[PDB]
>>> print(open('work_3.csv').read())   # CSV, C-alpha atoms
chain,number,residue,atom,x,y,z
A,1,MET,CA,52.5,-46.8,-26.9
A,2,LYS,CA,52.5,-47.8,-23.3
A,3,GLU,CA,51.6,-45.4,-20.4
A,4,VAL,CA,51.3,-45.6,-16.6
A,5,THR,CA,50.6,-43.1,-13.9
A,6,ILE,CA,52.7,-43.4,-10.7
A,7,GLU,CA,53.6,-41.6,-7.5
A,8,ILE,CA,57.2,-40.8,-6.6
A,9,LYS,CA,57.8,-42.0,-3.1
A,10,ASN,CA,61.5,-41.2,-2.3
A,11,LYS,CA,62.7,-38.2,-0.4
A,12,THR,CA,64.7,-36.8,-3.2
A,13,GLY,CA,62.1,-37.1,-5.9
A,14,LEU,CA,63.8,-37.2,-9.3
A,15,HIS,CA,67.0,-35.5,-8.3
A,16,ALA,CA,70.6,-36.5,-7.7
A,17,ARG,CA,71.2,-40.2,-7.5
A,18,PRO,CA,67.6,-41.3,-8.3
A,19,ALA,CA,67.5,-38.9,-11.3
A,20,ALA,CA,70.8,-40.3,-12.6
A,21,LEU,CA,69.6,-43.9,-12.1
A,22,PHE,CA,66.2,-43.0,-13.7
A,23,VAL,CA,67.9,-41.8,-16.9
A,24,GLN,CA,70.3,-44.7,-16.6
A,25,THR,CA,67.5,-47.2,-16.5
A,26,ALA,CA,65.5,-45.4,-19.3
A,27,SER,CA,68.6,-45.3,-21.4
A,28,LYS,CA,68.8,-49.2,-21.3
A,29,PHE,CA,65.8,-49.3,-23.7
A,30,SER,CA,65.5,-48.5,-27.4
A,31,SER,CA,62.0,-46.9,-27.1
A,32,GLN,CA,61.5,-43.2,-26.9
A,33,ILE,CA,60.5,-42.6,-23.3
A,34,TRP,CA,58.7,-39.5,-21.7
A,35,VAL,CA,58.0,-38.3,-18.3
A,36,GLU,CA,55.1,-35.8,-17.7
A,37,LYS,CA,54.1,-33.7,-14.8
A,38,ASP,CA,51.3,-31.2,-15.0
A,39,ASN,CA,51.3,-30.7,-18.7
A,40,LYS,CA,55.1,-30.5,-19.0
A,41,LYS,CA,56.6,-33.4,-20.8
A,42,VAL,CA,60.3,-34.3,-21.1
A,43,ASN,CA,62.6,-37.0,-22.6
A,44,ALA,CA,63.3,-39.5,-19.8
A,45,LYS,CA,66.8,-40.1,-21.2
A,46,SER,CA,67.6,-36.4,-20.7
A,47,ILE,CA,69.0,-35.3,-17.4
A,48,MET,CA,68.4,-31.6,-18.2
A,49,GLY,CA,64.8,-32.5,-19.0
A,50,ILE,CA,64.3,-34.4,-15.8
A,51,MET,CA,65.7,-31.5,-13.9
A,52,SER,CA,63.5,-29.0,-15.7
A,53,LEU,CA,60.5,-31.1,-14.7
A,54,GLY,CA,61.1,-30.6,-11.0
A,55,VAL,CA,59.6,-33.9,-9.7
A,56,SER,CA,59.6,-34.1,-5.9
A,57,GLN,CA,58.4,-36.7,-3.4
A,58,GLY,CA,54.7,-37.3,-3.6
A,59,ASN,CA,54.4,-36.0,-7.2
A,60,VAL,CA,52.4,-38.2,-9.5
A,61,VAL,CA,53.9,-38.4,-13.0
A,62,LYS,CA,52.9,-40.1,-16.3
A,63,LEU,CA,55.5,-42.3,-17.9
A,64,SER,CA,55.1,-43.1,-21.6
A,65,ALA,CA,57.1,-45.0,-24.1
A,66,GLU,CA,56.9,-45.9,-27.8
A,67,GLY,CA,59.3,-48.5,-29.4
A,68,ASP,CA,60.0,-52.2,-29.7
A,69,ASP,CA,60.5,-52.5,-26.0
A,70,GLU,CA,58.1,-49.9,-24.7
A,71,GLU,CA,56.2,-52.2,-22.3
A,72,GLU,CA,59.3,-53.5,-20.5
A,73,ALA,CA,61.0,-50.0,-20.5
A,74,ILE,CA,58.0,-48.7,-18.6
A,75,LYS,CA,58.0,-51.7,-16.3
A,76,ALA,CA,61.6,-51.2,-15.5
A,77,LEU,CA,61.0,-47.6,-14.5
A,78,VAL,CA,57.9,-48.5,-12.5
A,79,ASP,CA,59.9,-51.1,-10.6
A,80,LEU,CA,62.7,-48.6,-10.0
A,81,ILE,CA,60.3,-46.1,-8.6
A,82,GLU,CA,58.3,-48.6,-6.4
A,83,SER,CA,61.5,-50.0,-4.9
A,84,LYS,CA,62.6,-46.4,-4.1
A,85,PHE,CA,65.5,-46.8,-6.4
A,86,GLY,CA,66.9,-50.0,-4.8
A,87,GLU,CA,66.3,-49.0,-1.1
>>> encode(input="work_3.csv", output="structure tokens")
Amino acid sequence: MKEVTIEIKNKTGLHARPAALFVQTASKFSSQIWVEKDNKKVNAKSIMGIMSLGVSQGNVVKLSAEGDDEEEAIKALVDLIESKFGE
């Protein structure tokens, strides 16, 4: 298992384009991947789950992954978030 805590910086939080790209990026990896905010946890490859989570700008989330590529799956998401989704 690999886990990281990270702040969401972009205006939209995990909604619309960023959310789609987030799931897109997570879906590149074989690991099971999760996104947690305040005790609620969802599959990072699930757009309905991401939506349910209601992650807005400034929110700190925990990303976790378990699988053969868990470390680089998390890194890919960390990098996507820190770059504000390619901005």
>>> residues_around(input="work_3.csv", residues="residue 20 (chain A)", least_positions_apart="6", cutoff="12 Å", atoms="only C-alpha atoms", output="mmCIF file with C-alpha atoms, keeping the file's coordinate frame")
data_model
loop_
_atom_site.group_PDB
_atom_site.id
_atom_site.type_symbol
_atom_site.label_atom_id
_atom_site.label_comp_id
_atom_site.auth_asym_id
_atom_site.auth_seq_id
_atom_site.Cartn_x
_atom_site.Cartn_y
_atom_site.Cartn_z
ATOM 1 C CA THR A 12 64.700 -36.800 -3.200
ATOM 2 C CA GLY A 13 62.100 -37.100 -5.900
ATOM 3 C CA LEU A 14 63.800 -37.200 -9.300
ATOM 4 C CA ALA A 26 65.500 -45.400 -19.300
ATOM 5 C CA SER A 27 68.600 -45.300 -21.400
ATOM 6 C CA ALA A 44 63.300 -39.500 -19.800
ATOM 7 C CA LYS A 45 66.800 -40.100 -21.200
ATOM 8 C CA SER A 46 67.600 -36.400 -20.700
ATOM 9 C CA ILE A 47 69.000 -35.300 -17.400
ATOM 10 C CA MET A 48 68.400 -31.600 -18.200
ATOM 11 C CA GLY A 49 64.800 -32.500 -19.000
ATOM 12 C CA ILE A 50 64.300 -34.400 -15.800
ATOM 13 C CA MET A 51 65.700 -31.500 -13.900
ATOM 14 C CA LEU A 80 62.700 -48.600 -10.000
ATOM 15 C CA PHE A 85 65.500 -46.800 -6.400
#
>>> closest_residue(input="work_3.csv", among="A:7, A:87, A:76, A:36", to="residue 24 (chain A)", atoms="all atoms listed in the file")
A:76
>>> closest_residue(input="work_3.csv", among="A:25, A:5, A:39, A:10", to="residue 64 (chain A)", atoms="all atoms listed in the file")
A:5
>>> closest_residue(input="work_3.csv", among="A:78, A:63, A:1, A:55", to="residue 15 (chain A)", atoms="only C-alpha atoms")
A:55
>>> atom_distance(input="work_3.csv", atom1="CA of residue 72 (chain A)", atom2="CA of residue 3 (chain A)")
11.2 Å
>>> atom_distance(input="work_3.csv", atom1="CA of residue 86 (chain A)", atom2="CA of residue 56 (chain A)")
17.5 Å
>>> decode(input="work_3.csv", residues="region 51-82 of chain A", atoms="N, CA and C atoms", output="PDB file, in the first residue's frame")
ATOM      1  N   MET A  51     -17.481  12.394  -7.694  1.00  0.00           N
ATOM      2  CA  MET A  51     -18.549  13.376  -7.536  1.00  0.00           C
ATOM      3  C   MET A  51     -19.123  13.350  -6.130  1.00  0.00           C
ATOM      4  N   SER A  52     -19.428  12.145  -5.654  1.00  0.00           N
ATOM      5  CA  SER A  52     -19.992  11.953  -4.321  1.00  0.00           C
ATOM      6  C   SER A  52     -19.100  12.580  -3.263  1.00  0.00           C
ATOM      7  N   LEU A  53     -17.797  12.487  -3.479  1.00  0.00           N
ATOM      8  CA  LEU A  53     -16.832  12.941  -2.493  1.00  0.00           C
ATOM      9  C   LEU A  53     -16.874  14.466  -2.278  1.00  0.00           C
ATOM     10  N   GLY A  54     -17.218  15.219  -3.323  1.00  0.00           N
ATOM     11  CA  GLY A  54     -17.345  16.663  -3.220  1.00  0.00           C
ATOM     12  C   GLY A  54     -16.060  17.342  -2.780  1.00  0.00           C
ATOM     13  N   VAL A  55     -15.010  17.153  -3.571  1.00  0.00           N
ATOM     14  CA  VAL A  55     -13.718  17.766  -3.287  1.00  0.00           C
ATOM     15  C   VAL A  55     -13.596  19.123  -3.972  1.00  0.00           C
ATOM     16  N   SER A  56     -13.449  20.170  -3.173  1.00  0.00           N
ATOM     17  CA  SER A  56     -13.321  21.524  -3.701  1.00  0.00           C
ATOM     18  C   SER A  56     -11.919  22.073  -3.449  1.00  0.00           C
ATOM     19  N   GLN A  57     -11.631  23.220  -4.051  1.00  0.00           N
ATOM     20  CA  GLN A  57     -10.348  23.873  -3.884  1.00  0.00           C
ATOM     21  C   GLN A  57      -9.996  24.028  -2.417  1.00  0.00           C
ATOM     22  N   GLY A  58      -8.757  23.698  -2.078  1.00  0.00           N
ATOM     23  CA  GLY A  58      -8.282  23.846  -0.720  1.00  0.00           C
ATOM     24  C   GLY A  58      -8.451  22.598   0.131  1.00  0.00           C
ATOM     25  N   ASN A  59      -9.331  21.692  -0.290  1.00  0.00           N
ATOM     26  CA  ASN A  59      -9.542  20.432   0.419  1.00  0.00           C
ATOM     27  C   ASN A  59      -8.279  19.598   0.415  1.00  0.00           C
ATOM     28  N   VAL A  60      -7.987  19.001   1.562  1.00  0.00           N
ATOM     29  CA  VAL A  60      -6.888  18.064   1.685  1.00  0.00           C
ATOM     30  C   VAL A  60      -7.472  16.656   1.631  1.00  0.00           C
ATOM     31  N   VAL A  61      -6.967  15.833   0.715  1.00  0.00           N
ATOM     32  CA  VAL A  61      -7.447  14.458   0.579  1.00  0.00           C
ATOM     33  C   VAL A  61      -6.318  13.460   0.816  1.00  0.00           C
ATOM     34  N   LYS A  62      -6.676  12.219   1.132  1.00  0.00           N
ATOM     35  CA  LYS A  62      -5.690  11.147   1.192  1.00  0.00           C
ATOM     36  C   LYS A  62      -5.876  10.244  -0.012  1.00  0.00           C
ATOM     37  N   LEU A  63      -4.798  10.048  -0.757  1.00  0.00           N
ATOM     38  CA  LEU A  63      -4.777   9.139  -1.900  1.00  0.00           C
ATOM     39  C   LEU A  63      -4.117   7.840  -1.479  1.00  0.00           C
ATOM     40  N   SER A  64      -4.728   6.720  -1.814  1.00  0.00           N
ATOM     41  CA  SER A  64      -4.109   5.445  -1.491  1.00  0.00           C
ATOM     42  C   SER A  64      -4.205   4.482  -2.662  1.00  0.00           C
ATOM     43  N   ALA A  65      -3.269   3.539  -2.730  1.00  0.00           N
ATOM     44  CA  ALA A  65      -3.264   2.601  -3.829  1.00  0.00           C
ATOM     45  C   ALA A  65      -2.633   1.289  -3.390  1.00  0.00           C
ATOM     46  N   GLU A  66      -3.186   0.185  -3.874  1.00  0.00           N
ATOM     47  CA  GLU A  66      -2.588  -1.126  -3.657  1.00  0.00           C
ATOM     48  C   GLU A  66      -2.591  -1.942  -4.945  1.00  0.00           C
ATOM     49  N   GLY A  67      -1.404  -2.366  -5.369  1.00  0.00           N
ATOM     50  CA  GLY A  67      -1.244  -3.108  -6.613  1.00  0.00           C
ATOM     51  C   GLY A  67       0.198  -3.114  -7.076  1.00  0.00           C
ATOM     52  N   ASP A  68       0.467  -3.685  -8.248  1.00  0.00           N
ATOM     53  CA  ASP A  68       1.859  -3.812  -8.703  1.00  0.00           C
ATOM     54  C   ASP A  68       2.508  -2.487  -9.095  1.00  0.00           C
ATOM     55  N   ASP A  69       1.690  -1.452  -9.240  1.00  0.00           N
ATOM     56  CA  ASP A  69       2.161  -0.134  -9.668  1.00  0.00           C
ATOM     57  C   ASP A  69       1.702   0.967  -8.710  1.00  0.00           C
ATOM     58  N   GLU A  70       1.400   0.593  -7.470  1.00  0.00           N
ATOM     59  CA  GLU A  70       0.771   1.502  -6.507  1.00  0.00           C
ATOM     60  C   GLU A  70       1.572   2.791  -6.279  1.00  0.00           C
ATOM     61  N   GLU A  71       2.897   2.684  -6.282  1.00  0.00           N
ATOM     62  CA  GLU A  71       3.747   3.824  -5.961  1.00  0.00           C
ATOM     63  C   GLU A  71       3.679   4.855  -7.081  1.00  0.00           C
ATOM     64  N   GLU A  72       3.779   4.385  -8.320  1.00  0.00           N
ATOM     65  CA  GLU A  72       3.798   5.297  -9.459  1.00  0.00           C
ATOM     66  C   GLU A  72       2.400   5.785  -9.853  1.00  0.00           C
ATOM     67  N   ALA A  73       1.384   4.999  -9.517  1.00  0.00           N
ATOM     68  CA  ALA A  73       0.005   5.435  -9.651  1.00  0.00           C
ATOM     69  C   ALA A  73      -0.218   6.649  -8.746  1.00  0.00           C
ATOM     70  N   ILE A  74       0.205   6.546  -7.484  1.00  0.00           N
ATOM     71  CA  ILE A  74       0.038   7.669  -6.572  1.00  0.00           C
ATOM     72  C   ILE A  74       0.861   8.864  -7.064  1.00  0.00           C
ATOM     73  N   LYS A  75       2.097   8.616  -7.489  1.00  0.00           N
ATOM     74  CA  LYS A  75       2.946   9.702  -7.963  1.00  0.00           C
ATOM     75  C   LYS A  75       2.307  10.435  -9.144  1.00  0.00           C
ATOM     76  N   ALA A  76       1.698   9.673 -10.046  1.00  0.00           N
ATOM     77  CA  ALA A  76       1.070  10.265 -11.225  1.00  0.00           C
ATOM     78  C   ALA A  76      -0.068  11.209 -10.830  1.00  0.00           C
ATOM     79  N   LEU A  77      -0.810  10.817  -9.805  1.00  0.00           N
ATOM     80  CA  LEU A  77      -1.915  11.637  -9.318  1.00  0.00           C
ATOM     81  C   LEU A  77      -1.410  12.867  -8.561  1.00  0.00           C
ATOM     82  N   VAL A  78      -0.373  12.671  -7.757  1.00  0.00           N
ATOM     83  CA  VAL A  78       0.248  13.763  -7.025  1.00  0.00           C
ATOM     84  C   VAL A  78       0.736  14.828  -7.993  1.00  0.00           C
ATOM     85  N   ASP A  79       1.453  14.382  -9.020  1.00  0.00           N
ATOM     86  CA  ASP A  79       1.941  15.257 -10.076  1.00  0.00           C
ATOM     87  C   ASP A  79       0.812  15.962 -10.826  1.00  0.00           C
ATOM     88  N   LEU A  80      -0.276  15.253 -11.097  1.00  0.00           N
ATOM     89  CA  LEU A  80      -1.402  15.878 -11.788  1.00  0.00           C
ATOM     90  C   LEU A  80      -1.985  16.997 -10.932  1.00  0.00           C
ATOM     91  N   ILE A  81      -2.173  16.721  -9.648  1.00  0.00           N
ATOM     92  CA  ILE A  81      -2.711  17.713  -8.724  1.00  0.00           C
ATOM     93  C   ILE A  81      -1.784  18.923  -8.545  1.00  0.00           C
ATOM     94  N   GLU A  82      -0.494  18.674  -8.342  1.00  0.00           N
ATOM     95  CA  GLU A  82       0.453  19.756  -8.078  1.00  0.00           C
ATOM     96  C   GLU A  82       0.613  20.695  -9.275  1.00  0.00           C
TER      97      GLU A  82
END
